[PDB]
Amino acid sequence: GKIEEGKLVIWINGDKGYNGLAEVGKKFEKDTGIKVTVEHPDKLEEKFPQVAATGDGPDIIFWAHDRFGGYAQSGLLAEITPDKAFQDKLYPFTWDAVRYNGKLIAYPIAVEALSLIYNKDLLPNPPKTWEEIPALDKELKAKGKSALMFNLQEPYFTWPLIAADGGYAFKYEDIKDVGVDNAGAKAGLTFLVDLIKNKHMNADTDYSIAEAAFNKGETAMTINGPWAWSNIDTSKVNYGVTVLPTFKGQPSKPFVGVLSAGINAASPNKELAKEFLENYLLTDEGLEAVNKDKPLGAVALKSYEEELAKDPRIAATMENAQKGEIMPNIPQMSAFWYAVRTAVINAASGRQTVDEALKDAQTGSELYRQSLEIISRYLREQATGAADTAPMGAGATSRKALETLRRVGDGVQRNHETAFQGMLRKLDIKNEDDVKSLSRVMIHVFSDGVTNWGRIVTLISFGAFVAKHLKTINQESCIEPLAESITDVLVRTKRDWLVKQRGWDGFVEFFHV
C-alpha cells in the first residue's frame, strides 16, 4: 500500500494537545526504535476520509466519535479488538460511543462537553439564563466590556441553545425523527440571531476571535471545551467553569463528544498502533502527557479519571454533559453537521431567515434516510414484483415520492431497457463486491452534472433494473446494499441541489399530474 510500514503517522486536531501526544510518541520511539510522527492537518475531519478512501493517510486518526461511523461505513477503519482486561480499564459508556454495527471501531480517549467559561473579575455571578444576557451585555458595555463571545462558525457551540427548548438531531428515547426545524430549535436560533441584531454578538465571531477576546479580558464569558483551558491559564484571566445558561427555563443541552482514536484500514502497522494506543497513550502517564498540554476532559481510563474527577472544571464539564446527550455516530452525522452549520451561519448573517434556514437543515439532515426509504422500497418491489406491506412512518413525502417514481420510472425503464441491458453487461454486477465498484464509477460520472429529476429517475431506474437481475441470479441479499450505494452516491454528490429543490417534495411537485 501507500502507507509506510514500520512507522506510525498520527493525525489529531489542532485544538488538541498534539505536542503532548508527540512526547508519548517520543517515548514509544525510545523503547521500540520505531518512528512516531504527529500531525495536525487543517480540516482534518474532511482530509482523513479523502485520503483514506484511496488507501492513504495516517495510521491513527483522532476525532470525536460522531464522525467514526461514517468512516467505518466507508471501510476506512480497522475493527479494534482489545482484550477483556484492557476493555475493563475504560468506562463501558465510552466503549458504547465507539461501537458501530456491533463492532468497536476506535479507542475512546476522553469525554468532551462544552461549559460556560466566565471571567470572575468581571462577572462574579454569571447568568443562570440566556434571557438575561442582553441586559447584562448593556451593563458591561458601559464598562467597555461585552457579556459573551463564542465561535459562531461551528454549530457545535450553538447546538446547546438550539437543543434547550426542544431542538434535536435524531430523536433519542429513531433516525426518521429529526427535530432540526421544530419550534424549539427555531426559538433557540432566533434568540441567537436577536443577540446579533441587537449588537450583543457579531456574526463573524469564530474560534480565534472569541478565544482572544476572552483571554484578553474583553468579554466576560465564552463557551468552550476543556482543551481551551490551557490558553486561559497562560493569559492569567481569573476564570471559572460552570453550567451553561438555561433557555426558557430548560437546560442548554450540549452534544457530548468522545475523543477517540481509530486505526486506518489501509495501515500495515495495525499491531504497532494497537501497542501505542493501549500501552502508551491509554495509561496514566500517557494521558497525563497529553492532558498537561491541552486538557482532555473526563478521560475514558478509569484509573486516571479518578484523579481528574476532583477538578471542579471537570465536575462542571460532566454537569453540562449530563444535561446534554452523547452524539450519534450514524453515517449521516457529517451531513447533519454541515446542514446545521450552514443554517446557523445563514441565519446569523441574515442571508436566510431562521425558519427558512432550519427548514433547509431539516431537509439536509433527513436526506439520506428519506432517499434510502424511497430507493430501497422501489428497488425491492421492482425486483420481486410486489410492494412492501410495511408502514412508511414520517411521512407523506415517502409515499408520494414512491408513487411518483413508480409512475415516471415505468416509462424510463421501458425506454432505457436496451441501454440498461448493455450497461449491466458492460459492468458485471454479480455480487456485493461489484456494487462497491459501481459506486466509484457513479461518483465520477455524477459530478459532471448538471442535475435534474429526470437524470435521478434514470439512475434509480437503472438501480431497479440491476436489482431485478440480482434477484434473478439468486443474489437478493445484494439488493439492499445496492440501494444504499445509490442513495449514498446521490445524496453526497447532489446534496445542495436536492436541498434547493426542497428534497423529494420537489420531486413530487416537478412530475405532478
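Basically, rigid core = biggest C-alpha set you can superpose within 1.5 Å across the two forms. Don't overthink the numbering: it's just position in the shown sequence, from 1.
**Q** Root mean square C-alpha distance from this form after a core fit in 9 other deposited structures of this protein: higher for 389-397 or for 266-274?
**A** After superposing on the rigid core, the more displaced stretch in 9 other deposited structures of this protein is 389-397.
**Q** C-alpha RMS from this form in 9 other deposited structures of this protein, rigid core superposed: larger for 399-407 or 202-210?
**A** Comparing 202-210 with 399-407, the one that moves more in 9 other deposited structures of this protein is 399-407.
**Q** Taking residue 173 and residue 174 as adjacent modelled residues, how many residues of the deposited sequence between them have no coordinates (none, 1 to 3, 4 to 9, 10 or more)?
**A** 4 to 9 residues are missing.
**Q** Counting only residues from the deposited sequence, how many are left out of the model between residue 394 and residue 395 (none, 1 to 3, 4 to 9, 10 or more)?
**A** Per the deposited record, the segment joining residue 394 and residue 395 lacks coordinates for 1 to 3 residues.
**Q** Quick one: say whether 246-254 or 283-291 has the higher mean Cα B-factor in the deposited entry.
**A** For C-alpha atoms only, the mean B-factor is higher in 283-291.
**Q** Averaging the C-alpha B factors as listed in the entry, name the stretch that ends up higher: 293-301 or 429-437.
**A** Averaged over C-alpha atoms, the B-factors run higher in 429-437.
**Q** Can you tell me which of 490, 24, 498, 9 has the maximum CA B-factor listed in the PDB entry?
**A** By C-alpha B-factor in the record, 24 ranks first.
**Q** For the listed residues 132, 112, 121, 177, which one has the largest C-alpha B-factor as given in the deposited model?
**A** Answer, based on the entry's C-alpha B-factors: 177.
**Q** Ordered by C-alpha B-factor within the chain, which third holds residue 510? Give me lowest, middle or highest, please.
**A** Ranked within chain, residue 510 CA B lands in the middle tercile.
**Q** Should residue 348 be placed in the lowest, middle or highest third of its chain by the C-alpha B factor in the entry?
**A** Lowest third.
**Q** Would you check the entry's CA temperature factor for residue 211 and let me know if it's in the chain's lowest, middle or highest third?
**A** Bottom third by C-alpha B-factor.
**Q** What third of its chain, lowest, middle or highest, does the C-alpha temperature factor of residue 445 fall into?
**A** Highest third - that is where residue 445 ends up once the chain's C-alpha B-factors are sorted.
**Q** Sorting the chain's modelled residues by C-alpha B-factor, tell me whether residue 64 ends up in the lowest, middle or highest third.
**A** According to the entry, residue 64 has a C-alpha B-factor in the chain's lowest third.
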